[PDB]
Structures are given as C-alpha cells and as structure tokens.
Amino acid sequence: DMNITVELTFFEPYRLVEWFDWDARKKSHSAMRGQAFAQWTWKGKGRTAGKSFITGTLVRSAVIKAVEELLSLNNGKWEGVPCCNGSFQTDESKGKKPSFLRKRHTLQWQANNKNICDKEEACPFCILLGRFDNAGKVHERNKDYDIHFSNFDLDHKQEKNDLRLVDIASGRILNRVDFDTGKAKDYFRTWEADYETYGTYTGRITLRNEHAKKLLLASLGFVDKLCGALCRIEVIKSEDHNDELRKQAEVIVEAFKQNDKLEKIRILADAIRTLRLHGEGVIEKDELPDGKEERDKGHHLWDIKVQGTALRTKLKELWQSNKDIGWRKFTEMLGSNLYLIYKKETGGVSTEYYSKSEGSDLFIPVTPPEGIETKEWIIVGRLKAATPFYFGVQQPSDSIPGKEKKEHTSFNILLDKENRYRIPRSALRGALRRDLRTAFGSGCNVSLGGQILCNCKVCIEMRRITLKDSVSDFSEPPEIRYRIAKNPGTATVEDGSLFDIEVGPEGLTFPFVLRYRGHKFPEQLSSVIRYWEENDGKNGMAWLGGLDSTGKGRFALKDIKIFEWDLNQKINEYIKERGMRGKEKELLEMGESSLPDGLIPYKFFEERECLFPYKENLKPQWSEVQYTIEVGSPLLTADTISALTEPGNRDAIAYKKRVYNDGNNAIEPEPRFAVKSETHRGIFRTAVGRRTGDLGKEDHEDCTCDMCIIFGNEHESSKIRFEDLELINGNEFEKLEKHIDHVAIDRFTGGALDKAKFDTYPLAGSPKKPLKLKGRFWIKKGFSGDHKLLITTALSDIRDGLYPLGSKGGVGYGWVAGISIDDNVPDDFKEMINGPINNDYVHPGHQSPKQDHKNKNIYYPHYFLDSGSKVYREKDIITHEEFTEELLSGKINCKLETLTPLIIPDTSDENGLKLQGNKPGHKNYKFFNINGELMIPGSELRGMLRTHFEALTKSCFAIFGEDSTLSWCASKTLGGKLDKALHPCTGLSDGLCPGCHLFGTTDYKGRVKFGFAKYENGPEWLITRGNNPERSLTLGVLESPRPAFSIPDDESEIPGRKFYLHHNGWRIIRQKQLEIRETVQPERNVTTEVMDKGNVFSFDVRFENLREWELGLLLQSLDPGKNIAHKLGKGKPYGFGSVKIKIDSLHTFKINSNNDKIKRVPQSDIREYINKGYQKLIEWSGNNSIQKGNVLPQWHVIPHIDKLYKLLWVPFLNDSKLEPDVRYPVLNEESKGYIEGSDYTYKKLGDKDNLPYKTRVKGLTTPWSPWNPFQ
RNA sequence: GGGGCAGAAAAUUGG
RNA sequence: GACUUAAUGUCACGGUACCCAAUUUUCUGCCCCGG
Ligand SMILES: [Zn+2]
Ligand SMILES: [Zn+2]
Ligand SMILES: [Zn+2]
Ligand SMILES: [Zn+2]
C-alpha cells in the first residue's frame, strides 16, 4: 500500500531521443528507432531548452524481464512461494494490442502451483504483471493499479532555469560495416548524454499487495542495462570570445595583405593549431625562433609588422586579452578563424538507413533443462596502444543535437568532454563481432528489419556479452599528420591533395571490462581473448578504429583477470553487490582475500596452444614481415609546420613522434625519429604499380587489377597493412642532425641569386655509420603466388636502390644501402627474397696566344660563351608511370681526381677550426664532413653537370634573376635584355628544353639522380709552413660580380653564360700568405682547409627512362676527353678546384623481361651511344653537309662546342712546359700588388678612347684572348 | 673604399 | 502535480563513421670594378 522511492544511476553514456506521443511517432524514423531510450521534451518555443525523462513502461519491461530470469533460475520459486508461467498473448477480437509487441524468447518453467490464477487469489508473478486489476490499456484515475510505475525525472542538483540540449547531449554518427568488403553500407545518428553531471533519475513505484514485495525488491537489483548503459537501481527511505578573436584575426589578415603575403596566412593558421602542443611559455618567455644575426628583418614570419609592431608581441597582447578561455581553446579558435578568413578572402568557401510491421506475430516459449547451471564470468584488464590510434568523428557544427535538419582539420578524433581519449562501446562490439565471425568460420550479415531473432552462432554468443566504454587518464592534445597524393605522370604533387588527420599517442592505457552470462564459457571467445592479448613472443592483434590500412589502431590486452559467479547458489550476493557494476576498477587492484562473497577466480581458462578456433582460424589471418633498412646518406622527411614553431630558424627539419610512457605517466622527454607508414606504403604501391603497369589507368572504378586487389580501392579494403619505420641506432651518434645549406647560382653573373639561399637539417648518415630503420607490414590470408611475387619484387626494388626515402633524392638524400630480413619471417618469403672506359679525344687548344709563348701574357679569369637564341622544346614529355622497353635505365660508377687544390667548405660552423678569439669577425671553415668522413655533396656535382649539359645542348637559362637593373640610368631590367626563348620554362604547355627534360622543373621531376661522393685515397691536406693550422690557407678578397662591365652602352645584349679558366694561380696565394694576413682586414677574407692534388673521390649516378642520345650526351658531359676538365668549389678565379671525372662502370637493367638483370655494357655499346648523341647535335645544328659513318667524332666542327672546349682546356696536364698567368686588373694605380710598367689597370681599360665598348665585349666573348697587350 | 642573398613558385582536399 | 508515460508482450549491448591517396618537384654556399 506504501510507496517506494527509486533512484537509478548511470555508469556509462546513455542515449536520448525526441518525444512524439504515439501517432506522430510513426511519421519520424529516429523516434521509432529511438524507443527504449531516454526521452527529451522541449519546454517553451524556440527549440533550445527542455527536460529529459525515462518512461515508466520501460522500467516496467526491465523489471518484468528480471523477474522472469530470476524465476527461471530458481525453477519457478522464490523464497518458497511458487509462481505460474504468466500470460503474454492478447487476442485481437477482445481488446486491443498493448502498444508494444515482443519478438524475443519467453522463459517458461514447469507450473507446479496446481491452481489456476483468478482475481481472488494470485501468484506474485501475476500480481506483478498486473493481470487482475481494474486498469488496462486506457488510462483512468491513478488508483486501482495494483502495481504502478511513475515516470523518472532528471535530478538536477542546483535549482536554476531550464536546461539546454547542447549542455546535456552530443550528436554522433554510427555505422554498419560489411564483412566481405570492409566498407560501410549505411549510417544513422544518435544523441549521447553525459553521466558525470546528468546521470541520476528519481521515481516512484506503488505496490498495493504485500505478497510480491520481496520479488520486486530482488528484481530491482538484477536490472543491468537501461537506455544503452550500465545502471544501478537503489531504494531510498562565448559569442563575444568568437567575435573578439575574429576582429583580431581580420587585423592580422589585412596586415599580411598590406605586404602582399596572403598565401603565408594559411600556413600561419596551421602553426597556431600546432601551438596547442607547447605551453603558454612559448608566447610568455618568447621562445619563438629568432632571425639571423645582424639582419634588419628577423624571422620571415614572426617579424611581419601588424599595425606597427611585430607578430609575437601582437600574440602576447592578444593572449593577455583572452586569458580567460584557456590556452587550448584560444589556439584552436584562432586557427579555425584564420582558416575561415583566408577561405573568404581567397574567393572560395570550403545512405542514411534506420530499421523498420503488420503480420507474423508469434509466441515462442523456451524451457531450459532442469539440471543445467547458469554462471556469470567477468574479464577485467587493460588495453594498450601499440601504434597510434584513430577513432573517427564528424565535424563540429555538424554534430549539433538540435539543429540536425539539413573545416581546418579534415578529420578529428573522438574525445570526452574533459578532453580525454575514448574507446566507444560500438567500436569494441564491432571488433568483437568481426573476430568472433572469423573464429566461428561462418556468420550472417546483420539484418535490421527483423521479425524473427537470428539463429546464427555469432548472434547467439553476442546476445550474452556486455561491454563497457573506456576513457583514459590523459588529456593532452593530439598530433596532426599530413598526407598528399602524387601524380604518377610527372612525379609531383597532384592538385587538391593535401589533407590532415588527428592521431593519438602510442602506449596509452584504457580499462577493459567484459561480461558473459551463460551455461559454459565458449572456446571461440577464449580464442578471441587469447588472440587479443600479448605475452613473451606474441604481440597483440586487436584492430580497433578506422585507419587500419595505414597501420593505425593495433591494441594489445594485458593484466587479464577472469572471475566467476555462481547464480544457482549465490544469487543474493549478486543482488546485494549489484554485479560489481561501476566498481570494476577496484577488481584489478583487489587481493584474493578482499573479494566479495560468491565471486571466485576462474582456473580452467584454456591456454593458447589448447584452443581449436585459435591456430586454425585466427592465427593464420595476418602474417608479419619485419625488416631493417640501412640508409647510408642523409635522410630528410620534412615537416614544414613544426619547423616554424621551434627554435633554430630552419626551413626543413626531420619528423618526430611522441611516445607515451606507462611506468611514469608523463609522455617522454625525448622524441622518436621515424618515417611514416603512409610513405613506405606509397613506396610499395608505386613500385608494384610501375612493375605491372596499372598506374597508367585513368580510373579505378569497378576495377579488378592487381594493384586494386593488393592495395584496395573505393569498393574494397586493403589486403596489406603498413606500420612506421623507427630509428633504432640513434644513440650511436654524437650530433645526430647535420646542418647543410644550399644556394642557386645565376648562369650569367656566376654568383648567388637573390632570395635563393636555404637550409636543410637531415639526420647524419654515412657509408661507414649508416642509419638503421626497423619496420613491419602485415599481409592477409588468401594471397596468390603472383601477388607474393609482386611484393617480393617490390622489396628487391627497394633494396637495389630505385626508390629513395624522403625528400631531395636527386641530390643524394635518403639512398637505401641495404635491407635485412629477420628470421621469424615465413620461409617462402625468405626463399623468394634471398675495364676502364676512356674517351681518347685530344682537343687542340688556343694556339695563337698561348702555345707559342714563354709566359709573358695576362689573361682574364672568366669569359662568356655566346650561343644563338633558338631552343628546341619537346611537347611529348617522357612520363614516370612505367618502365618503357625502348628506353634505358641504370647506374654509372664514376671517380673524381683533383688536378688543382679543392675547397668545399662546411658552413654549419662559422668558427670551425679556431681563430675567432685572436682575430674576431674572421670566418674560418673546415672541409665537408659527416661523422668525420670527407665528402662532396651531390648538389654541387649536379649543378656543375647541369651547367655543362645546358651549355652543350643550347638550352634555356634555368636560374636567372630578371629583376636586376643597371646603372652607369637604364631602359629596362635585364630580363628584358634577354631573348624570350632563353627564358626559364614555365609550365608544360609550351614544352621543355633538353636541360629541363633531363634534370627537371617544378612541375616535372628529373630523370637523373646524383649521389654523395666519398673519399677513397690520396695525399690530403696541402701543408703550408707559416700558418696556425698547417692544413689551412687564407684566401684573397672576393665580392660580387658586376654586370656593368659586361654590358655597358644600353644598346647591348647579355653575352651568354660565364665560365672560368684553368690555371695554377694558387701558388701566388700560397707564397704571399704573410702579405694577406696583414694589410687586409680580417672581416673581408676567409680561412679554409684545402685538399692537395691527386686525391680520389667516388660517386654514383642513377638514371631511368633515358633515350640513347641522352645517355650518350650524359657520358660525354661526364668525361669529355683528355685535356678537358671541370671546375668545382670555392676560389675558381684564383685557380682552385680543377677536377677530372673518369667513368669506371655502366650498368643497365630491364624490368619488363622476367628473368633478366643488371649488365656490364661493354665499350662498343657506349661508343654507339656517344655517336648517337653526336648525330643528334648535328641534326639540331642544321648543317647536314657532314657525312655519316663509324668515325670517332671530332667535336670541334660545331662552333659552340669548340668555344666550350676551349674554355675548359687544361694547359698543364701531360708535361707540356707552359703555365699561363691569369689574374684580375688592379683598379687605379697606387693600389696594392701592381707591377711597375704593366699598365693593367681598370682606368685604362674602362675608358672609351682606348679600348672602346665593342672591342671590350668582343674580348670578353673570345676565349683565351690576351688582355695585357690586348690581342 | 665596400660586403650581398639568407628562401621563392605550386597543391591546403576529392571520390 | 501538470509539463511527460500506459500496463497480460520493447533482441536496439540488432548496426566499428568505415573505404581509397609517398609533405613532395626544381636550385653548385657562391662571388670584382669603381662609390
Ligand atoms: Zn500466476
Ligand atoms: Zn546473426
Ligand atoms: Zn585498378
Ligand atoms: Zn628549359
């Protein structure tokens, strides 16, 4: 007769739905799906506020199910009073159906009450159902209910105004994933509610019969789930901030637009988001990277003036203005506001199925056997991330709960309201369903519109499993990972291809709870649990999440404890302890002597080698290939966003990870260097696609090609999964990172271009101290022999060195020196994976000035090569998408010998040896070295051979600064004084010159790759006696080239390329070291280490898809003959750096032949290649009067080749007793170092009356012409 | 009598 | 006590936001005549 006040509390995020009564419910789909949830009603107009509740019929149905199970446990009795089976059928002619219909099994027992229930006397089950009362199916007064359930209202703790929907709920999209294809079929939305603040409901139950109070009070403690969440039932006795950020973002955007730097703004946007990982101290202690020393403009982005002041001080005042919103939200909103303002001021703004009627209404009774036992098993443990993980979520401003009717980061991660990482229940349940279907061998696809319960084994085992959601104890921000796609025809970045993913740290831990209520513990669930866990030898194989092909989401299970609860003897202890729901964290730390009564540990849990679904169905599913790459070159996988926000002021730095630690709950102090999984996934995919030839297809829609089978497409998932490549020997290095700076050289002036100096910071790789990267990839069961052969072929192509890792591969960065395969790799994979060339061409030098002399003449140190104006441009560009049969591909092994001393400085250390303490401002350097090994960079060799190849084949001026203007006023810039055909190639529509076709442009990758040269043998360190280091030399003063001497007199044109002369002018510099160290300021000259003549260096050149004449011209540009050499390094006017390259070996390979391999290519074939190049030069010339035949080619019949080989002629080589005297003039006598009667000043040469302008230009164009008697 | 350049140009998402 | 349930019948713990894409292409740390 007396009321019972009931409080239900949630321990999991529950579900919400809108309220429609009964007739408006059939119009909407979300409410018909959303029964057995919690309900939300709007209070007042405007669709903003309301209240949530839980209906009494839902709690009544839960209590009815609990009473049915509790009576089925004790065989139709409860504390001595027996009950009948009840009634669950309603005839259609007498009365109406009760507004909710049952599709599940009804548990029944043997009715031993020996009496039929009527209105006068009844069993507890019949008075708890409410069969014999005065109320039914149409409401009347609240009396004449024998048992009444009221509605359950939300216990708001503080009395306030109405509660909003956006403070209680959050929207989410769930999925249904097909098992055969791995792609989604349909999706549906839901609302999830918080349980920490809004998870308590209170209601009333009225019972007017003191015969079923004990069954009701026992059944209230047996209810386990309600509204999609674990529960416990007990009996009691901002817009101003967005706008203020928007106006300041507009201020910064107009400030960058005033300086014509709008395209930087987008990059700055990402930098602001990256500032959420650092502290506020990076704006407070000003740890942003500073500019160069003695520069007016500092950092190129942190010192851009915003309304009069710098950017860092502007961010300081902007954070002092909005310190009240926190650092993380301020950085996120400032980034996601700069993104929108950049998107507006540019000009361009940035299958839903719910389940289902009339017919097939049945009643299915189920009676268990009388002897059977029922138990409940509980498995507790921790889940650990062995890789970065990703749980996908839709964007904010689309996941608003009320406004469902229908940016900067493309893909976000799922987080809690306190910014904690969350493994949802749906992902764990889907992964358990997938692994259980794999373990059983067979299963069904999940049918949604259902009238009969499914009878497959997976569904029977999954209707007895209860899980629980997980949240970590970690609230630090995620990491952004970027991804591009490559255009396979040009080997550059495709248009509209950059996107970004948010990933979490590896090593994080989550709680894990599983429950099973049944008669015996299955072998298949034991197999899945043993498959998911890790031990010694075995690693975990629990794939949760949504980037599995790139290796994201592999978890392991540790600290597993399994407990058992008996229900036929210890049911009251289960009801009293509430199944330990919400107290499972205490069970991991509980001892054996503190367990509650009735809960024992489980001892017959079968081991890994005794389970039959394991090792037959689950273990052969994914196979592991683990290997180790040895890289003997610098390795640069650029970041370009983290380079902006760290101190050092560098352009491109390497890639780092953040690994989380479990023993100490911090992250880690030191990061881990790595190559991403997407990178070597793309390397494998590009290798397989270029071998088979499937990269040339225009579309892969409904494709069953080999690449789409191995690597997946839109309609199928991938059969191979790739993990990261981690550095494993980083503690063997001192100064692991190396600073390498690069420059571009103008083809006319010979000096450095404006705004073309840059720095790279790769990891220090050497041929005697290589980097070691350990990596792993997973392969699936069901691969054929052809596809395994393709994977083995891709690994062999990576090992042979065709695909370099990282960036700047054409100048020698990231060249793979070797690959090793571990011993635990499958055996079929181990079976599958495991003289001197001369030119003899003597060039006749300039006979008239030089060879008839006793060295009494002075020449000019640089001359100009003047070709015509026509450049041959090809519009059929050779593509990078396959290896063609008629073209050539291979490698050249070459050597390098010094004829004159060589200076290659190491500009990472400005102090170098010493000597800035004694004389300050003096720059002194060492030779180039990585880990103490003398090297020449591949960029210098590439630039030297590129300048030679461009001057040989009459191509365009590739690097040429056209904004410079002359003064003696000038008519125009010197870009206007060049012909339009020698201008650099822009775009592929007009075509490409030969130099841009072989070496590349911005929109076309090159087809030649130069490597780092290593020291082999010879006498090093030219020794001078009076010098503070003996291996050292103080150079003369050298400053910028003046184009006013080459083109005076405005009606004059640019006289072609600039080349230097070979002479032994360093012996003047050596003997006068004392006269240079004094009487010259120490801030003008430089001191460097020098190498002597006779040293040998070794390097390699790779090439792919070259024609025959291109290879002939390349082998001619490398070794152009006897008495012709090259020029390399510093001090080229003073004579330094004369090198000779000799070809040692040539190898060619053909991949289209199945069994063929690398070759040796004897001297007849390469002579044929040289002749095929010479015939192409003759055909480009136009003079077809020269005959054809098998003669050794005379290269000096073409005029510009004759001028080029007169510019590069070595006069002192094979004991010919002559040495020229090449030096600059002396600028207006009474100047230092002037001969008595030479008359070699600039005053005499720069007058009009003696040496007019045309004779001066003609003397700067004719090679080796004299200048002191002047011709 | 004196030092310069010290990053520039694309892609910032589509099926 | 309304807003806000119907009582002899609620498998929604009946459904993984899933699938596809190499942060990359090009560049000699170089260099003389006048304010
Ligand atoms: Zn009864
Ligand atoms: Zn099924
Ligand atoms: Zn295909
Ligand atoms: Zn060109």
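Judging from the entry metadata, cryo-EM is the method by which this structure was determined, and 2.89 Å is the reported resolution.

Q: How would you summarise helix α5 (residues 239-258) if you had to cite specific residues and measurements?
A: Between its first and last C-alpha atoms α5 spans 29 Å; for 20 residues at 1.5 Å apiece the expected length is 28 Å, and the two agree. Within the sequence span of α5, burial applies to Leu245, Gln248, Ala249, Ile252, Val253, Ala255 and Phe256. Viewed end-on, α5 has its buried residues packed into an arc of 155 degrees, placing them on one side of the element. Turned more than 90 degrees off the buried face of α5, the exposed positions are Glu239, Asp240 and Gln258. On its buried side, α5 packs onto α6 (263-274), α8 (311-321) and α9 (327-346).

Q: Outline the coordination of the zinc ion (ligand 4), supporting the account with residue identities and numerical values.
A: Bound to the zinc ion (ligand 4) on the protein side are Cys956 (SG), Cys985 (SG), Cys993 (SG) and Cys996 (SG), at distances that span 2.4 to 2.5 Å. Every donor counted, the four donor atoms about the zinc ion (ligand 4) form angles of 93 to 132 degrees at the centre, which fits tetrahedral coordination. No difference in accessibility class separates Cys985 from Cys993, as the two residues are buried.

Q: Residues and numbers for unusual backbone geometry, please.
A: Most peptide bonds take the trans form, and the phi angle of most residues other than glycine is negative. A positive phi angle is found at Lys808, which is not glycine, with a value near 55 degrees. The residue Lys808 is located in the loop between α17 (785-800) and β40 (816-821) in this model. For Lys808, a relative accessible area of 31% corresponds to the partly exposed category. A positive phi is found at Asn1228, a non-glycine position, where the angle reads about 65 degrees. Within the element layout of this structure, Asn1228 appears in the loop between β55 (1221-1222) and α27 (1242-1245). Its relative accessible area of 39% is what places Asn1228 among the partly exposed residues.

Q: Just give me the short version of the UniProt feature "binding site: Zn(2+) 13" (unreviewed entry) in chain A, but keep the residues and values in it.
A: In this structure's numbering, the residues bearing the UniProt feature "binding site: Zn(2+) 13" (unreviewed entry) are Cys956, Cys985, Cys993 and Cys996. Mapped onto the secondary structure, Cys993 falls in the loop between α20 (938-952) and α21 (994-998). Tracing the sequence through the fold places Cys996 in helix α21. Exposure remark for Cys996: the relative accessible area of 4% places this residue in the buried category. Beyond its immediate sequence surroundings of up to four residues, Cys996 is in contact with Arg946, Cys956, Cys985, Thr1001 and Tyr1004.

What counts and what doesn't
What you see is numbering from 1 along each chain in written sequence order, possibly unlike the entry, with residues lacking coordinates removed. The naming scheme follows written order: chains are lettered A onward, ligands numbered 1 onward. Only heavy atoms go into the side-chain values, all of them from the structure, while hydrogens and water stay out. Comment: elements are numbered from the N terminus, with helices defined as DSSP H or I runs of at least four residues and strands as E runs of at least two. Multiply 1.5 Å by the residue count of a helix minus one, and that product is the helix's expected span. Whether a residue is buried, partly exposed or exposed follows from its accessible area with a 1.4 Å probe, protein chains only, as a fraction of its type maximum: under 20%, in between, or over 50%, in that order. The arc in question is traced by the directions running from the helix axis to the C-beta atoms. Whether two residues touch is decided by their heavy atoms; if any such pair falls within 4.5 Å, the residues are in contact. Each metal's donors comprise the N, O and S atoms found within 2.8 Å of it (within 3.2 Å for Na, K or Ca). Water is not part of the atom list, so some coordination spheres may appear incomplete. Only four donors with every angle between 85 and 135 degrees are called tetrahedral; only four or six donors with opposite donors over 155 degrees apart and all others between 65 and 115 are called square planar or octahedral, in that order; all others are irregular. UniProt positions are given in the numbering used here, feature names are shortened, and annotations may be inferred rather than shown by experiment.

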